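Bear in mind that the values in this text are calculations on the coordinates, not laboratory data. So basically every Cβ, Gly included, is an ideal-geometry build from the backbone, and we count neighbours across all protein chains shown.
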6 protein chains.
Amino acid sequence: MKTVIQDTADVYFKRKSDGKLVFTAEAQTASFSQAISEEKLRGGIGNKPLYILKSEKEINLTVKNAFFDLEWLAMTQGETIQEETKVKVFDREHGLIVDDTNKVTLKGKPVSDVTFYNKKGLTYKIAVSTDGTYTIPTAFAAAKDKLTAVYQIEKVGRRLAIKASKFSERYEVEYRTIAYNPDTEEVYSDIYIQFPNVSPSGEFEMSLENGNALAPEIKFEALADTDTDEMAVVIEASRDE
Amino acid sequence: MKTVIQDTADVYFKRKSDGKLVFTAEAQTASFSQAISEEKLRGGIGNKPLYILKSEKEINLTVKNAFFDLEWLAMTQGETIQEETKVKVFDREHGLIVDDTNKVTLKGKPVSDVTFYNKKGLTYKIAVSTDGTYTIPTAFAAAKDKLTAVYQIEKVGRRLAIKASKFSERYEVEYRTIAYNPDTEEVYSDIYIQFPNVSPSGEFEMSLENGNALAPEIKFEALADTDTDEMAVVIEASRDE
Amino acid sequence: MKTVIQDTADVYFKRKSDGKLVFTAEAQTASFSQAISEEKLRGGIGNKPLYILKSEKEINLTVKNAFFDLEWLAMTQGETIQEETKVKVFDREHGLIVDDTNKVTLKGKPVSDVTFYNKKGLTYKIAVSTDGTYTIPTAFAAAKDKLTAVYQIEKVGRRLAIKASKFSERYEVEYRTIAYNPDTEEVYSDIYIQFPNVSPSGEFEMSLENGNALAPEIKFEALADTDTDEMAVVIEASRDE
Amino acid sequence: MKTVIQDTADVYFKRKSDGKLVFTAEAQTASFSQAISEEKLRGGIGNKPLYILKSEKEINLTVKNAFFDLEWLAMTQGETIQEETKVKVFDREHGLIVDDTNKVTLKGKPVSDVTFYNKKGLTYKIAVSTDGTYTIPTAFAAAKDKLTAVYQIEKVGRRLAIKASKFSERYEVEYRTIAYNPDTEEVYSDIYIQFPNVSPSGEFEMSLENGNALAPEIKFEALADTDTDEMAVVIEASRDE
Amino acid sequence: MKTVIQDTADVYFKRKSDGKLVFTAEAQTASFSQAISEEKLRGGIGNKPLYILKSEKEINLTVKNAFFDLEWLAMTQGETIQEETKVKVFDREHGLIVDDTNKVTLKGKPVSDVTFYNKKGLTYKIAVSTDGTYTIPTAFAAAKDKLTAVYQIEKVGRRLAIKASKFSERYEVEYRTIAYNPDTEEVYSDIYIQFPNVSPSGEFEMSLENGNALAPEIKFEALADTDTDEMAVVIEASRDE
Amino acid sequence: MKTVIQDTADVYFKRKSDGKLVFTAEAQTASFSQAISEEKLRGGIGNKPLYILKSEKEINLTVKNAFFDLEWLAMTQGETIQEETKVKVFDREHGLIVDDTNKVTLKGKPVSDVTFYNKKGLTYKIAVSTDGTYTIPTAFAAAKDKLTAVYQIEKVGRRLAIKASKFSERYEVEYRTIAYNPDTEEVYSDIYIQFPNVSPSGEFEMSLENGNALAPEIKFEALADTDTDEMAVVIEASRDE
């Protein structure tokens, strides 16, 4: 029946190979635009139209979530997120003071050469010490100054890798919304929009501007089911049944 | 776990030959857009898609800072910044009164010809006087009147050269931001985006508008690592090790 | 004399064949754009310009109204508006309650099959009745319910007929607007702009959005008169003569 | 000296054939943008710019008045305004009460066939009468009803004719503004911008929107003077001389 | 003086025998190309030229109109267009309902045999009836079907005849174009190009593509007059006398 | 199975005498066109075909590289590249200042007569200086004059000598490509196109246009093998085996 739709959708994903339900979201957008190509044959006394050549059926999706989850990026490359992997990352220590003996001591555990910066913005590159106490050239600084340190440390966590060859696999998608009855002010039906075969398209961008709540974005491209030649299916299930 | 991204990312840099940690920044943006191209083949009764051709994988970057430092410019051209170099720059002295003997004495150390400017539009270019006192020309001016001088001096500082032959080198990059847990309002994970091989691009602008703040912007371009064929690495590690 | 033009203009029309003064208007716009294609010859030592070629003059018109008239669309096609023609139009009735005997009674004079709609969106296309009442299947509805019917009714009125082989005819146009004298706050002259031979262009879009007032739009194009070679004429007439 | 210029210009024109000072103005804009073509010959081992060659020089103009003056538009079309010429224009008469014998009388001097209008939108055209009394058919209207009439008259006034073959001629132009002294808050020098050979361009538009003051715009394009090869001249003259 | 030619030419033809000014066109091109050949003789010690021989002089001529006139074609074969002559042409009738008596009544006036076409694509050839009623076999058509009827008719009009023997006649041709003054942007003279004796060459190709506006093209070939040996005359006459 | 071919090939060569695998490729094109002629005999009552004569079969190759190797050109003329040989080449030294005695020095090592050049475009050649300086008459240049000189030097490098008599020897060639499976988008087979005998042909164009990356091209010609008369071979080896 006639109904009014207000809210966004809950999306569900699924890999057709191993069957991992890759999501259960709380979104901010959705779309399933369509397209067709049309050209017109012409001829005869008066350039009249005689036939129309309809020559495609393309569908594209798009979703825009309100949180960040790594699986979103996993989808757009097909890799697998490894767990508990050793990695090397940078780390920065500030506010070091130079003692009266022309020495400074760190408070971390480097793994590469440490670089010092002084209040003017010079640089002094020294190898990693075994005891952790380091010497400063007398031209670089003197007693009772302030220096900063930057170096590498080893951490553990989850890891992903974007390569130059690996490409996507094929997926299932589904939306879901709720539609109201414009007379008695209650929810009547539950819209569904299924997609039986999709293929992620690699065009993603993460602008990390200051003071903005990041919103990932993912685009797909629907294909035709081999078994039944269906590109989309729409359902309206009524809560009265 | 689901997480909320709110803040920009701290940037780090590395030159791959000598290992200069060229930067530690307090920035305003970070982006790593992707791109791919497709062709699609067609044929048969029913001009249908038979096999898709993928032909690229490009990644770019962008960083935009809040403070100006000369290393930013140094990176984009490779030329190193020599220190303690004597240079020639122009200087200006205002409010120069003419005495009753048609003579005006500078208060500087001219190195090129000194040019004075009368109160309407005139110009007059005397040679550098050894004494430093100058004879005011005949009808260029009179007594009890103002002028202003412009000439060159010799100052000491840092220097960078923009040539037309020396082009960019190859660097490594790393961003770091934090993502909040949406339930307990705390900090959960630490995000990292390494780029194991980049090539800084020459496309930049230093506009110095009045009353605005110049924010440098530098655009890179990421290529494939030779060892493992990686363009980018994304890492998430929890603050509960 | 210098004058200030404020108001829009009254627009008239006239068909060259019979002399139908197709309108007296109360409009919002009038326009008589021009256009000439200009190139530039060049020659001699130093690629100097020595002359400017000018050839291909055009004039476009545009008018825009704040009411709706049907002669408006009549001009753009070249048809004629038949008067007092019987036609077929749909009509709808609501609030039809079903008596206890599973029957309902329309109140109109259907000409085609009548379709019934319940409060869930089902359908029933019963054939036209001869007496006035209809019987309802028990499954579709029950006693003390509501139904709505849609059927076709015959009404009498005017009728245009847009045809795909016919095209517009040739017309005459004229605007009239006033201009004041910038010293005395008075009206001085009656400006006219005549167009002796013009061919309407078929391009019109009647968007009918909610709560807006539709403003039509005709566009013409002026062709050269075969007798005296005049595309446009401008006249000024002083009110003191 | 350094000055601040803040206002528009007085624009003068002058035709080169007869010598007519076609305008003085009180305008709103004035411009003379310029353009040049550059090519950068390259050659030799290594791609090196050897020489930059200039190949063209274009000077445009623009003026925008705040009052309608017929000679403006007369300039761009060549024609010479004709004075005291008889013409034909439309006129309208409202609110005519039908008499008891189905007859109406006008108050003017028709020179074309008269067209009547009903309160509902009919039409009835009848040949001009000699006594000004026209008989209206019974179906069109009855006694004590209101009709409206339209017809042509003969008026005397000025006249132009935009022909499709005759294009413009060549003029001289000159601007004039006032430049201030940024210390004493006084007027110092008068700016002038002269053009010795100009060819008006036919590209103009007269929109007559309701409640908008008409702003004529007349574009020009300048060409090199044969005597001394000057497209433009700029003169500054103090008011102390 | 030096002048600028911008425009095509009004072409005027005239038959030398009966003196009919056969055309005043509004064309799109005119041309009067030439051609000459040389041989050169050589001899003596060292192959050097000794004498140049010149033995040909041809002047072609081309015109290209925008409208279509039948006299254009009449020129190229020398016939005289006959007026009001009876001819035979084919005509077509779409949609003829078959009655219960398996007969059809045409709405025209055949003159030769009638051929029907059913939907499926067969044909059926009957002879001409007197009362206009034709019987249709029960294999070609059926009850309540729509057929297509084609036949010959008789109309009257103007007639030509492209004979394989009769060939062209002789004409006189004159052009006209207006030349401008390259300093004051006015008209200075009228260029004329008379041709006193010309012989048509038969090469016309009337392509009638879909939605194009054919420009007739006919080519000529000038020949030397017997009286004075003047293949072409070029005239310039100033507009000051 | 049906496959899709998408890339160029890695070309290989081998000389049949001394077994120098003279090359491997990162190429941009390969091709092995074929061509035969026919004669056809005719006779008898009615000109009909009777017997067709086949007497030819040829294959021609082409390869287009991206880099430059000198054996690539050594093939085309059949020479062997001598190593570690002395040659003679020209060289240039710009910016030579003239001293207070019209003497000129040189920071080089000439072997032929040095030809000095002046800014005006003069010249001066003289026997080689045996001390390290030259004297320039006042007529050529006077003093404080910047001069440019040119002279030959000796260098050691690899040398190739085109000769009028030495011609080709007989090579052997092999290609390689990869083929994909349209259903699973994995790799399936490796196509090889051998040629057991070939003779390089002399047609090569080396245009070094400014800013156009060079890509050479060698064209071969395949002759039939004496032993078993195979002018070429095509091979396909899957990767499941």
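Size descriptors for the range B:151-226, from the alpha-carbon set: Rg then Dmax equal 20.0, 66 Å. In sequence order, the range B:41-46 has phi-based couplings of 9, 9, x, x, 5, x Hz under the Karplus curve 6.51 cos²θ - 1.76 cosθ + 1.60, θ = phi - 60°, and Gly or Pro positions carry x. As a ratio to 2.2 N^0.38 Å, the alpha-carbon radius of gyration computed for chain B takes the value 1.67. With the charge dipole of chain E set up from +1 on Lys and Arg Cβ and -1 on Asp and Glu Cβ about the Cα centre, the Cα lying farthest toward the positive end among the listed residues E:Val150, E:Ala224, E:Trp72 is that of E:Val150. Using only side-chain charges placed at the Cβ, +1 for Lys and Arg and -1 for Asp and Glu, the dipole size of the range F:55-116 relative to its Cα centre rounds to 200 debye. If the viscosity is 0.890 mPa s and the temperature 25 °C, what translational diffusion coefficient in µm²/s does Stokes-Einstein give for the range D:84-198 when Rh comes from Kirkwood over Cα pairs? Rounded to a whole number, D works out at 124 µm²/s. Taking D:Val104, D:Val156, D:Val198 as the candidate residues, the one with maximal mean-square fluctuation in a Gaussian network model of chain D, Cα springs under 10 Å, is D:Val104. Summarised in one figure, the compactness ratio Rg/Rh of the protein assembly as shown, Cα atoms and Kirkwood Rh, is 1.00.
Projecting 7 Å from Cα along the Cα-to-Cβ direction, the label point of E:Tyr117 sits 4.5, 5.2, 8.0, 8.6, 8.9 nm from its equivalents in the other copies, listed shortest first.
Distances between equivalent label points of E:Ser31 across the copies, with each point positioned 7 Å along Cα→Cβ, amount to 3.6, 4.1, 4.3, 5.3, 5.5 nm, shortest listed first.
Axis-proximal residue of chain B for the rotation onto chain D, reported as residue and distance in whole Å: B:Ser37, 20, based on Cβ position. Each of A:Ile5, B:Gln82, C:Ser201 was scored by the projection of its Cα onto the charge dipole of the protein assembly as shown, and the greatest displacement toward the positive side belongs to C:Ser201; charges sit on the C-beta of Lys, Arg, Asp and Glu. Computed over chain D with a Gaussian network model linking Cα atoms closer than 10 Å, the most mobile of D:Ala213, D:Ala142, D:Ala74 is D:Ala142. Expressed in Å, the radius of gyration and Dmax of the Cα atoms of the range B:32-86 are 23.5, 78. Taking the Cα centre of the range D:148-224 as origin and charging only Cβ (+1 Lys, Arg; -1 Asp, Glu), how large is the dipole, in debye to the nearest 20? Using only the charged Cβ atoms, the result is roughly 780 debye.
Past the 31 Å Cα-Cα mark, which pairs from A:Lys48/D:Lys120; B:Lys163/F:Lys86; B:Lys109/B:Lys146; A:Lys40/C:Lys120?
On the way: A:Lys48/D:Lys120 39 Å; B:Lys163/F:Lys86 36 Å; B:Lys109/B:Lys146 20 Å; A:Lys40/C:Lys120 41 Å.
With Cα atoms farther than 31 Å apart: A:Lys48/D:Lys120; B:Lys163/F:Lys86; A:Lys40/C:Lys120.
Between A:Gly211, A:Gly157, A:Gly43, find the one with the highest GNM mean-square fluctuation for chain A; connect C-alpha pairs within less than 10 Å. Of A:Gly211, A:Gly157, A:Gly43, the Gaussian network model singles out A:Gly43 as fluctuating most. The mean number of Cβ atoms from other chains found within 10 Å of a Cβ in peptide D:205-217 is 6, as a whole number. Relative to the compact-globule estimate of 2.2 N^0.38 Å, the Cα radius of gyration of the range D:49-135 comes out at 2.30. Cα centroids of the range C:29-55 and the range C:142-198: 39 Å apart.
With the label put 7 angstrom out from Cα along the Cα-to-Cβ vector, D:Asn210 ends up 2.6, 4.4, 4.7, 5.1, 6.5 nm from the copy partners, going from closest to farthest.
Taking one quarter of the surface of the C-alpha convex hull of the range E:186-241 gives a mean projected area of 7.0 nm². Taken about its Cα centre, the protein assembly as shown carries a charge dipole of roughly 2180 debye when the Cβ of each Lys and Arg holds +1 and the Cβ of each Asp and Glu holds -1.
How much mean residue ellipticity at 222 nm does chain F get from its helices, if each DSSP H run of length 4 or more adds -39500 (n - 2.57) and you divide by all residues, to the nearest 500 deg cm²/dmol?
Details: 1 runs with 7 residues, N = 241.
Dividing the helical sum by the residues of chain F leaves -500 deg cm²/dmol.
Let me know the mean shielding of E:107-115 by other chains, meaning the per-residue number of their Cβ atoms within 10 Å of its Cβ. Please report the intermediate quantities before stating the final value.
On the way: counts 0, 0, 0, 0, 0, 0, 0, 0, 0.
Per residue, the number of nearby Cβ atoms from other chains is 0 on average.
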